[PDB]
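Report on the structure given below.
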Amino acid sequence: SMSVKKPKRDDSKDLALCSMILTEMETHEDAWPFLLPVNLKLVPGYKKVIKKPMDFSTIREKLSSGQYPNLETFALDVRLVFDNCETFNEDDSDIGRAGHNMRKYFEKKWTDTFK
């Protein structure tokens, strides 16, 4: 509350650490479905169904241009990529499996880096 704060955590490396996580996600062999925005002209249904499209290149652009106010907002976008994936793709499909793989891969890097 006013003049009553938990000890100040060092957040000075967060931008650099998120960047590294995101690079590792970009270079994973199963990243291919998430590297670029889904083409809303070429994929029927996607624009109407998926209210907040997200992908790694968009995350990268936001990260590099100071559009994430904090760690949590970066993690929410990353998770959105996989939530979107699950909404649109069957679990038993190459893309559905990629999504589950990448979320697991992500959450581990996340826990190891920040928890």
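For the structure tokens, the naming scheme is as follows: chains receive sequential letters (A, B, ...) according to their order of presentation, residues are indexed from 1 within each chain, and ligands are indexed from 1 in presentation order.
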- request: Could you pull out the residues in chain A that DSSP calls helix (DSSP H, G or I) from the backbone, as a ChimeraX atom specification?
  value: /A:14-26,46-49,56-64,71-88,94-114
message: I'd like the contact shell of residue 35 of chain A - 9 Å cut-off, only C-alpha atoms, skipping same-chain residues fewer than 2 positions apart - returned as a PyMOL selection string.
response: chain A and resi 26+31-33+37+55-58
- request: Would you mind listing what lies within 12 Å of segment 13-21 of chain A as an NGL selection string, with only C-alpha atoms counted and same-chain residues fewer than 2 positions away left out?
  value: :A and (9-11 or 23-28 or 56-57 or 59-75 or 77-78 or 102 or 105-114)
- request: Determine, counting only C-alpha atoms, which protein, DNA and RNA residues have an atom within 12 Å of an atom of segment 39-46 of chain A; residues of the same chain fewer than 3 positions away are not included. Present the result as a ChimeraX atom specification.
  value: /A:33-36,49-55,84-85,87-89
Mind writing the picked residues with N, CA and C atoms as a compact mmCIF listing (two decimals), in the first residue's frame?
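The resulting file, out20.txt, is shown below:
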# COMPACT_ATOMS: atom_id res chain seq x y z
N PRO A 33 4.15 -23.33 -37.58
CA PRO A 33 2.79 -22.84 -37.66
C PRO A 33 2.55 -21.49 -36.99
N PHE A 34 3.53 -21.01 -36.21
CA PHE A 34 3.39 -19.84 -35.36
C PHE A 34 4.34 -18.70 -35.71
N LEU A 35 5.13 -18.85 -36.77
CA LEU A 35 6.19 -17.89 -37.07
C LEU A 35 5.65 -16.58 -37.63
N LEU A 36 4.59 -16.67 -38.44
CA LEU A 36 4.00 -15.51 -39.10
C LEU A 36 2.51 -15.46 -38.82
N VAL A 49 -13.55 -16.41 -36.21
CA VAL A 49 -13.42 -17.24 -35.01
C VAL A 49 -12.37 -16.67 -34.03
N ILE A 50 -11.19 -16.32 -34.53
CA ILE A 50 -10.08 -15.99 -33.66
C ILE A 50 -10.04 -14.48 -33.46
N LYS A 51 -10.56 -14.03 -32.32
CA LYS A 51 -10.75 -12.60 -32.07
C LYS A 51 -9.44 -11.82 -31.90
N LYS A 52 -8.40 -12.47 -31.40
CA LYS A 52 -7.13 -11.82 -31.14
C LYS A 52 -6.02 -12.72 -31.67
N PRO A 53 -5.80 -12.67 -33.00
CA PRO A 53 -4.69 -13.41 -33.61
C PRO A 53 -3.35 -13.01 -32.99
N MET A 54 -2.43 -13.97 -32.86
CA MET A 54 -1.09 -13.68 -32.38
C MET A 54 -0.11 -14.72 -32.95
N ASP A 55 1.13 -14.28 -33.15
CA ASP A 55 2.19 -15.13 -33.68
C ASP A 55 3.52 -14.62 -33.21
N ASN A 84 -5.09 -19.88 -29.28
CA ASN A 84 -5.62 -19.76 -30.64
C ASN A 84 -5.47 -21.05 -31.41
N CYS A 85 -4.29 -21.66 -31.30
CA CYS A 85 -4.01 -22.91 -31.98
C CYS A 85 -5.04 -24.00 -31.58
N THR A 87 -8.08 -23.62 -30.22
CA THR A 87 -9.39 -23.22 -30.71
C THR A 87 -9.63 -23.67 -32.15
N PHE A 88 -8.63 -23.48 -33.02
CA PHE A 88 -8.84 -23.69 -34.46
C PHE A 88 -8.43 -25.09 -34.99
N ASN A 89 -7.54 -25.79 -34.29
CA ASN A 89 -6.94 -27.03 -34.78
C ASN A 89 -7.31 -28.22 -33.91
